[PDB]
Structure formats: C-alpha cells, structure tokens
C-alpha cells in the first residue's frame, strides 16, 4: 500500500485539492507501479525498494517519483504530469528542501522535454531539470500500461 505521508506527496504533485481527513480514504484509489531502470528500459518490480522510477495514477492524472541527490543529500522528487504529456502539475521533495519547487510547476512539456532554461551553475536546478525530464521519459514509456 502507500503510507499517508507518501499520499500527501503524490496528491500535492497531482494538484489533487483534498482535505487531510480524506487523504487515506482517497489514497486507496491510487494505482502504483515500481520500476527498475537499466539503460533507458523500465521493468516492473514488486516494491519500492531499489526502484528507479515509481509511477502513481489517480483520477486520470500521473505522478512520477525518483531518487535524486539535492546538495549532496539523497532524496526523492515527485512530479505530476497531465495525461496528454503536455504539462507538469506540481513538484515536491522528500528528504531535502529547495525553493526550486516554486519554479518546477505548471510548465509545458514539448515532446517529453520541459520548456525551461535553468541557471547552468546551480547544481540543484540542473538536478531538478534532469530528474523531471527523466521522469517524463519514464512515465511516457510505461504509459501503455495506464492511459496510453
């Protein structure tokens, strides 16, 4: 299953306007898929441990999660994706803290690539753009399993 803490990350990424009272009840309807990644290929695995990509699906919207390194710390990034692969919705972090989540929201995706220029000297901004593009690529690749 998904713990309530993780549901809050997923629903935030997806822009699911909800009350905390309903979070666990609504969250039972989230579909979750875990993937290894080997040279661009995402294979289903049974649980989140060792996962390189986690894809959530709820009320016709996607969110992807991936491990990320943010100023030297191991963390996870979540990002919501519209099911036409044209926009991201919201991003958030577990395990680190960055103002960049205010940048990486409501952006266009053009053929699997975010429409944004980042400061090339900011390791965290490069990491966010790299991670979000990696996630969009993965979610598009496995989408035939969901809403194609």
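Numbering follows the first chain given and starts at 1.
Undergrad: State which stretch shows the higher mean Cα B factor in the entry: 139-147 or 1-9.
TA: Between 1-9 and 139-147, it is 1-9 that shows the higher mean C-alpha B-factor.
Undergrad: Look up the CA B-factors in the entry and say which stretch, 110-118 or 34-42, has the higher mean.
TA: Higher mean C-alpha B-factor in the PDB entry: 110-118.
Undergrad: Out of 87, 52, 94, 28, which shows the largest CA B-factor listed in the entry?
TA: If I rank 87, 52, 94, 28 by C-alpha B-factor, first place goes to 28.
Undergrad: Among the modelled residues of its chain, does the C-alpha B-factor of residue 17 lie in the lowest, middle or highest third?
TA: Ranked within chain, residue 17 CA B lands in the highest tercile.
Undergrad: When the deposited Cα B-factors of this chain's modelled residues are ordered and cut into thirds, is residue 98 in the lowest, the middle or the highest one?
TA: Middle third by C-alpha B-factor.
Undergrad: Which third of the chain holds residue 81 when residues are ordered by C-alpha B factor: lowest, middle or highest?
TA: It belongs to the lowest third of the chain when residues are ordered by C-alpha B-factor.
Undergrad: Looking at the C-alpha B-factor of residue 63, is it in the lowest, middle or highest third of its chain?
TA: CA B-factor rank for residue 63: lowest third.
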